[PDB]
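The file coords.txt contains compact mmCIF, C-alpha atoms:
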# COMPACT_ATOMS: atom_id res chain seq x y z
CA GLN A 1 113.11 110.13 90.24
CA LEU A 2 109.70 110.19 91.91
CA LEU A 3 106.52 109.12 90.12
CA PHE A 4 103.95 108.71 92.88
CA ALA A 5 103.28 109.77 96.46
CA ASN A 6 100.19 108.98 98.51
CA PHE A 7 98.90 108.35 102.03
CA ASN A 8 97.28 105.14 103.26
CA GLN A 9 93.71 104.90 104.52
CA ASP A 10 94.29 106.27 108.04
CA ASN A 11 97.27 108.56 107.31
CA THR A 12 99.77 106.37 109.13
CA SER A 13 101.96 105.63 106.09
CA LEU A 14 103.36 107.65 103.20
CA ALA A 15 104.23 105.79 99.98
CA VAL A 16 106.70 107.23 97.46
CA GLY A 17 107.18 105.48 94.11
CA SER A 18 110.25 106.12 91.96
CA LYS A 19 112.09 104.79 88.92
CA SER A 20 114.18 102.46 91.13
CA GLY A 21 111.40 101.16 93.39
CA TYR A 22 109.31 102.53 96.24
CA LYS A 23 109.49 103.41 99.93
CA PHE A 24 107.16 103.67 102.91
CA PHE A 25 107.57 106.37 105.56
CA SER A 26 105.89 106.41 108.95
CA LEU A 27 103.96 109.54 109.94
CA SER A 28 104.15 109.26 113.73
CA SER A 29 106.67 112.02 114.46
CA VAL A 30 107.60 115.45 113.18
CA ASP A 31 111.39 115.84 113.40
CA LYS A 32 112.35 113.31 110.72
CA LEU A 33 110.66 111.46 107.86
CA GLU A 34 111.31 107.93 109.10
CA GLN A 35 111.70 105.32 106.38
CA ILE A 36 110.16 101.98 107.31
CA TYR A 37 110.59 100.09 104.05
CA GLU A 38 112.41 100.26 100.76
CA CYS A 39 112.02 98.06 97.68
CA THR A 40 114.43 98.08 94.75
CA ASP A 41 113.33 94.98 92.79
CA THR A 42 110.49 96.69 90.86
CA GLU A 43 111.19 99.51 88.40
CA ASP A 44 109.05 102.52 87.45
CA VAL A 45 106.40 102.05 90.13
CA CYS A 46 103.38 104.23 89.24
CA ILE A 47 100.83 102.96 91.82
CA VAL A 48 101.53 101.83 95.42
CA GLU A 49 98.49 101.15 97.59
CA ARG A 50 99.00 99.77 101.11
CA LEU A 51 96.20 98.21 103.21
CA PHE A 52 96.25 100.33 106.40
CA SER A 53 99.42 99.33 108.31
CA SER A 54 99.28 95.67 107.25
CA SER A 55 101.86 93.97 105.05
CA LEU A 56 99.60 93.87 101.96
CA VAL A 57 100.40 96.20 99.07
CA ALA A 58 99.07 96.54 95.52
CA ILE A 59 101.66 97.64 92.98
CA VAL A 60 101.52 98.71 89.33
CA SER A 61 104.69 99.29 87.30
CA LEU A 62 105.15 101.29 84.10
CA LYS A 63 106.90 98.16 82.75
CA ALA A 64 103.54 96.33 82.85
CA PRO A 65 100.81 98.99 83.08
CA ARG A 66 97.92 96.52 82.64
CA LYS A 67 99.05 94.26 85.51
CA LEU A 68 98.22 94.56 89.20
CA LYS A 69 100.61 92.83 91.63
CA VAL A 70 99.48 92.01 95.19
CA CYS A 71 102.49 91.49 97.47
CA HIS A 72 103.54 90.86 101.06
CA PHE A 73 106.06 93.67 101.07
CA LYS A 74 107.92 92.80 104.28
CA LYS A 75 108.50 89.21 103.15
CA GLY A 76 109.16 90.45 99.62
CA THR A 77 106.79 87.98 97.99
CA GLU A 78 104.33 88.33 95.14
CA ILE A 79 101.08 86.72 96.26
CA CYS A 80 99.17 87.00 92.99
CA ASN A 81 98.59 89.21 90.01
CA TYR A 82 95.84 90.12 87.57
CA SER A 83 95.95 91.64 84.07
CA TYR A 84 93.24 93.85 82.58
CA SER A 85 92.39 94.76 79.00
CA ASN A 86 93.64 98.36 79.38
CA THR A 87 95.98 100.35 81.61
CA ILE A 88 95.30 100.58 85.36
CA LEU A 89 94.51 104.17 86.32
CA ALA A 90 93.78 103.76 90.05
CA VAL A 91 93.67 101.10 92.78
CA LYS A 92 91.66 101.51 95.99
CA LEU A 93 91.39 99.02 98.80
CA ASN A 94 89.83 98.40 102.20
CA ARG A 95 89.69 95.34 104.46
CA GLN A 96 87.07 93.60 102.31
CA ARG A 97 87.44 94.85 98.70
CA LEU A 98 90.07 95.89 96.17
CA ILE A 99 88.90 98.13 93.30
CA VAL A 100 90.77 98.56 90.01
CA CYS A 101 89.80 101.57 87.88
CA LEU A 102 90.34 101.51 84.12
CA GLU A 103 89.28 104.32 81.81
CA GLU A 104 86.15 102.46 80.72
CA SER A 105 85.48 99.88 83.47
CA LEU A 106 85.85 99.06 87.16
CA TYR A 107 86.75 95.71 88.71
CA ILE A 108 85.62 94.83 92.23
CA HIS A 109 87.75 92.13 93.87
CA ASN A 110 87.26 90.20 97.08
CA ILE A 111 90.48 91.03 98.91
CA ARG A 112 90.32 87.72 100.81
CA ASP A 113 90.86 85.63 97.65
CA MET A 114 91.35 88.31 94.91
CA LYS A 115 88.44 86.90 92.88
CA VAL A 116 86.56 89.37 90.70
CA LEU A 117 83.09 89.74 92.25
CA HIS A 118 81.67 92.28 89.83
CA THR A 119 82.72 94.23 86.76
CA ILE A 120 81.21 97.62 85.97
CA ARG A 121 81.33 97.89 82.18
CA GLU A 122 81.15 100.84 79.75
CA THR A 123 81.54 103.57 82.32
CA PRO A 124 81.74 107.14 81.02
CA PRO A 125 85.39 107.68 80.09
CA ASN A 126 87.47 108.32 83.20
CA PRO A 127 90.99 109.16 81.98
CA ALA A 128 91.99 110.60 85.36
CA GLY A 129 91.13 107.39 87.22
CA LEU A 130 88.85 109.44 89.46
CA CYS A 131 87.18 107.28 92.11
CA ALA A 132 86.82 106.89 95.86
CA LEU A 133 86.29 103.90 98.12
CA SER A 134 85.04 104.00 101.70
CA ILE A 135 87.41 102.62 104.34
CA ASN A 136 84.47 101.60 106.56
CA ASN A 137 83.21 98.01 106.45
CA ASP A 138 79.59 98.84 107.33
CA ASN A 139 79.23 101.62 104.72
CA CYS A 140 81.35 100.07 101.96
CA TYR A 141 80.60 102.39 99.06
CA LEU A 142 82.44 103.11 95.83
CA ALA A 143 82.03 106.48 94.10
CA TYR A 144 82.96 107.16 90.47
CA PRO A 145 81.88 109.56 87.69
CA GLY A 146 78.46 108.83 86.21
CA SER A 147 79.09 111.18 83.26
CA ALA A 148 82.15 112.44 81.40
CA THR A 149 80.55 115.83 80.64
CA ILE A 150 78.34 116.51 83.71
CA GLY A 151 79.30 116.28 87.39
CA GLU A 152 77.22 113.22 88.31
CA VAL A 153 78.48 110.69 90.88
CA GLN A 154 77.57 106.99 90.76
CA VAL A 155 77.44 105.46 94.25
CA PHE A 156 77.85 101.66 94.29
CA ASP A 157 77.56 99.23 97.24
CA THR A 158 80.65 96.98 96.96
CA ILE A 159 79.37 94.39 99.45
CA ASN A 160 75.91 93.82 97.97
CA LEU A 161 77.22 94.62 94.47
CA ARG A 162 74.40 97.01 93.58
CA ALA A 163 74.00 100.67 92.71
CA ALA A 164 72.81 102.82 95.62
CA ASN A 165 72.37 106.29 94.10
CA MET A 166 73.45 108.74 91.42
CA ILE A 167 74.15 112.25 92.70
CA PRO A 168 74.08 115.34 90.45
CA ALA A 169 77.00 116.97 92.24
CA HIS A 170 78.20 119.72 89.86
CA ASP A 171 77.35 121.09 86.44
CA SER A 172 80.89 120.61 85.14
CA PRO A 173 82.68 117.23 85.15
CA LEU A 174 84.11 115.96 88.42
CA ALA A 175 87.70 116.71 89.43
CA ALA A 176 88.02 115.13 92.89
CA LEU A 177 86.15 112.79 95.24
CA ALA A 178 86.69 111.74 98.84
CA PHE A 179 84.78 109.71 101.44
CA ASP A 180 84.94 110.51 105.11
CA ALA A 181 86.15 107.75 107.45
CA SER A 182 82.57 106.76 108.38
CA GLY A 183 81.59 106.26 104.74
CA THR A 184 78.46 108.39 105.25
CA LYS A 185 79.73 111.65 103.67
CA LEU A 186 81.24 112.26 100.22
CA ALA A 187 83.15 115.42 99.28
CA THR A 188 83.10 116.44 95.60
CA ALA A 189 84.66 119.07 93.33
CA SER A 190 84.30 119.90 89.65
CA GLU A 191 86.75 121.06 86.98
CA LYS A 192 85.67 124.64 87.69
CA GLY A 193 86.91 124.16 91.25
CA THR A 194 84.87 127.00 92.70
CA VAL A 195 82.58 125.01 95.01
CA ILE A 196 83.32 122.00 97.23
CA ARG A 197 80.17 120.07 98.12
CA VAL A 198 79.53 117.36 100.72
CA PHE A 199 76.68 114.87 100.33
CA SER A 200 75.26 112.24 102.63
CA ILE A 201 75.82 108.65 101.47
CA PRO A 202 73.82 106.80 100.27
CA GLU A 203 70.92 109.28 100.52
CA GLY A 204 72.57 111.96 98.38
CA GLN A 205 71.42 115.03 100.30
CA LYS A 206 73.66 118.09 100.00
CA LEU A 207 75.01 118.75 103.49
CA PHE A 208 77.69 121.41 102.97
CA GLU A 209 78.67 123.84 100.24
CA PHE A 210 82.04 125.57 100.55
CA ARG A 211 83.44 128.39 98.42
CA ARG A 212 87.21 128.58 97.89
CA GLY A 213 87.15 132.35 98.30
CA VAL A 214 85.73 132.53 94.78
CA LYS A 215 87.93 134.38 92.34
CA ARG A 216 89.26 132.36 89.42
CA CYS A 217 89.12 128.67 88.49
CA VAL A 218 91.61 126.05 89.69
CA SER A 219 92.31 122.39 88.98
CA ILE A 220 91.49 120.69 92.29
CA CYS A 221 93.74 117.67 92.69
CA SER A 222 93.09 116.42 96.24
CA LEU A 223 90.26 116.30 98.79
CA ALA A 224 90.78 114.76 102.23
CA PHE A 225 88.81 114.47 105.47
CA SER A 226 90.28 114.40 108.93
CA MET A 227 89.71 111.06 110.66
CA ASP A 228 86.99 112.55 112.90
CA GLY A 229 85.24 114.08 109.87
CA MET A 230 85.27 117.64 111.21
CA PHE A 231 87.74 119.05 108.67
CA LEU A 232 88.05 118.81 104.89
CA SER A 233 91.08 120.00 102.93
CA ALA A 234 91.12 120.91 99.23
CA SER A 235 94.34 121.43 97.26
CA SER A 236 94.96 122.36 93.65
CA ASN A 237 97.49 123.49 91.05
CA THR A 238 97.76 126.82 92.92
CA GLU A 239 99.65 127.87 96.05
CA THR A 240 96.64 127.84 98.39
CA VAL A 241 95.17 124.89 100.29
CA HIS A 242 91.75 125.49 101.86
CA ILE A 243 90.58 123.68 105.00
CA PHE A 244 86.85 123.73 105.72
CA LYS A 245 85.19 122.96 109.05
CA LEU A 246 81.96 120.99 108.92
CA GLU A 247 80.08 122.94 111.59
CA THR A 248 76.54 124.30 111.35
CA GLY A 249 80.47 128.45 103.39
CA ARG A 250 84.10 129.56 103.41
CA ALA A 251 87.51 128.26 104.43
CA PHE A 252 88.16 127.83 108.14
CA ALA A 253 91.94 127.77 107.66
CA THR A 254 94.40 128.10 104.79
CA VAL A 255 97.96 127.20 104.01
CA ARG A 256 100.22 129.00 101.58
CA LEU A 257 102.53 126.60 99.72
CA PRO A 258 106.00 127.76 98.58
CA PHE A 259 105.15 126.89 94.93
CA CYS A 260 102.37 127.46 92.41
CA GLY A 261 101.44 124.72 89.94
CA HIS A 262 102.87 121.43 91.20
CA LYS A 263 100.41 118.59 91.65
CA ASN A 264 100.17 117.56 95.26
CA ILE A 265 98.34 115.29 97.65
CA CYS A 266 97.07 116.41 101.05
CA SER A 267 95.96 114.68 104.18
CA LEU A 268 94.76 115.79 107.60
CA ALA A 269 96.55 113.83 110.30
CA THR A 270 96.95 114.17 114.06
CA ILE A 271 100.61 113.76 115.01
CA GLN A 272 101.73 113.91 118.66
CA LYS A 273 98.30 115.30 119.67
CA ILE A 274 98.44 118.18 117.15
CA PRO A 275 96.27 118.17 113.99
CA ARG A 276 98.40 118.73 110.92
CA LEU A 277 97.99 119.28 107.21
CA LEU A 278 100.44 117.09 105.30
CA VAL A 279 101.19 118.01 101.70
CA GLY A 280 103.13 115.67 99.43
CA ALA A 281 104.21 117.71 96.43
CA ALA A 282 105.65 117.00 93.00
CA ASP A 283 108.63 119.23 93.86
CA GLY A 284 109.87 116.31 95.98
CA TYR A 285 108.99 117.53 99.48
CA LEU A 286 106.54 116.61 102.23
CA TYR A 287 105.33 119.76 104.03
CA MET A 288 103.79 119.63 107.51
CA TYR A 289 101.59 122.50 108.74
CA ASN A 290 100.02 122.97 112.17
CA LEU A 291 96.24 123.41 112.25
CA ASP A 292 94.47 125.24 115.09
CA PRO A 293 91.08 123.45 115.19
CA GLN A 294 89.43 126.17 117.31
CA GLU A 295 90.77 129.38 115.70
CA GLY A 296 91.75 128.47 112.14
CA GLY A 297 93.38 131.18 110.07
CA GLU A 298 96.66 130.79 108.21
CA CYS A 299 98.58 127.67 109.25
CA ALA A 300 102.28 127.84 110.03
CA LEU A 301 104.85 125.51 108.51
CA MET A 302 106.30 123.08 111.04
CA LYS A 303 108.60 120.89 108.90
CA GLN A 304 109.47 120.02 105.33
CA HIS A 305 111.15 116.73 104.45
CA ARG A 306 112.67 115.32 101.26
CA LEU A 307 110.36 112.65 99.81
CA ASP A 308 113.42 110.63 98.75
CA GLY A 309 114.55 110.07 102.36
CA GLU B 1 92.87 69.58 87.84
CA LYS B 2 92.87 69.78 91.68
CA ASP B 3 96.17 71.63 91.44
CA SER B 4 93.85 74.65 91.67
CA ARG B 5 92.86 73.28 95.10
CA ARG B 6 96.21 73.71 96.87
CA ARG B 7 97.11 76.94 95.02
CA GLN B 8 93.79 78.52 96.03
CA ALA B 9 94.46 77.34 99.58
CA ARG B 10 97.92 78.93 99.59
CA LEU B 11 96.52 82.09 97.95
CA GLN B 12 93.88 82.61 100.66
CA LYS B 13 96.38 81.87 103.44
CA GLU B 14 98.92 84.28 101.96
CA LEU B 15 96.38 87.09 101.49
CA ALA B 16 95.10 86.72 105.05
CA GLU B 17 98.68 86.68 106.37
CA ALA B 18 99.60 89.83 104.42
CA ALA B 19 96.42 91.65 105.48
CA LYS B 20 97.08 91.01 109.19
CA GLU B 21 97.31 94.30 111.04
What would the structure in this file look like if it were written as structure tokens?
Amino acid sequence: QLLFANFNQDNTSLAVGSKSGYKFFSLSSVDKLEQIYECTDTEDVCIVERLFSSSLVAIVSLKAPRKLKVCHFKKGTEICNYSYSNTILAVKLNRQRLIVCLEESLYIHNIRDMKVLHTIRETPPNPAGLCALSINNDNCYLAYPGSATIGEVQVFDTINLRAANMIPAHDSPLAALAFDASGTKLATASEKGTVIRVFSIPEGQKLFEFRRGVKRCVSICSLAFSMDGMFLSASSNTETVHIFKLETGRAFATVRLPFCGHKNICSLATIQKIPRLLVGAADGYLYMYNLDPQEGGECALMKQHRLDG
Amino acid sequence: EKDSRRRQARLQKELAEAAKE
């Protein structure tokens, strides 16, 4: 049933897209996954991107994969839509900008009127829709791959509509990108998946380099900062999630998933005063683990909830 | 055709209303 699961910008909302529509779940308690919204009028929803805890949502359906719909989900109204020359691979938004990622181009919209402010053309092919957008209005940067064969990151100022830097992050092509909440740090991983790096933004200085216990190569599918920027989680197509602590090389804490190979999305969220690792997995569950921010180590499972409600 | 005028007005009002936190 499920096609999509993702967290909003401050980890207060979980979106689950399915063949029959989509749902939002709040993330403010532990005992139950509390559904706050369900839509059944749109089929095969492959992208659902909420703006924080507002009523604005951007939706893409497999029935019209080149069309972005911007809606007021509580009222159930379509505000406007936009169609692109190729399929939409990712949508990112903050309080000032909405970014649409195609394989070969990026569109930067003013979210106040949905006008296109700038189009980045002929990007290196980006079939994964890999990109990241800062949630901070003062450091409003977009990151996307500057090469399809080397791990270079283009950093683009979405307010002033100009390039800020290009960062040689990894030798192999990029696999994952994430901004911290301040917009001044960018976490990066390559297709080899052996090193997670953190760079300052826009200066591009390497600040941290983390090893995932070495070993073999993984396909990193998710990087996520905690809201205070002290912790960074990295998940993959394996059973291990690593959590790094950005104090002045190796994992500070780990979690062992009950599966090996499903794609998943992680986030670091504080719920009822306790920092937690949330894992939305393709097996249809949300897993919640308790993180000890002083001791680390292996994190215990607190709850697992069905993503379908 | 100045029909763009009132639709753009409604657009901006509706986007601001939806984005209200």
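Around segment 8-17 of chain B, within 8 Å and counting all atoms listed in the file, the residues found are residues 56, 79, 80, 111, 112 and 113 of chain A; 4 of chain B, once anything fewer than 4 positions away on its own chain is removed.
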Would you write out those residues with C-alpha atoms, as a PDB file, in the coordinates of the input?
ATOM      1  CA  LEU A  56      99.600  93.870 101.960  1.00  0.00           C
ATOM      2  CA  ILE A  79     101.080  86.720  96.260  1.00  0.00           C
ATOM      3  CA  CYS A  80      99.170  87.000  92.990  1.00  0.00           C
ATOM      4  CA  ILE A 111      90.480  91.030  98.910  1.00  0.00           C
ATOM      5  CA  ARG A 112      90.320  87.720 100.810  1.00  0.00           C
ATOM      6  CA  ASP A 113      90.860  85.630  97.650  1.00  0.00           C
TER       7      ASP A 113
ATOM      8  CA  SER B   4      93.850  74.650  91.670  1.00  0.00           C
TER       9      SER B   4
END
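Using all atoms listed in the file, the chain B residues found within 6 Å of chain A amount to residues 12, 18, 19, 20 and 21 of chain B.
Separating atom CA of residue 184 of chain A from atom CA of residue 269 of chain A is a distance of 19.6 Å.
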Worksheet entry | Residues near residue 193 of chain A, cut-off 7 Å, only C-alpha atoms, skip fewer than 3 positions along chain, as an MDAnalysis selection string | chainID A and resid 189:190 217:220
Worksheet entry | For residue 3 of chain A: contacts at 6 Å, all atoms listed in the file, fewer than 3 positions along chain excluded, given as a ChimeraX atom specification | /A:17-18,46
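Distances here use all atoms listed in the file; by that measure, the residue among A:143, A:103, A:37, A:82 closest to residue 58 of chain A is A:82.
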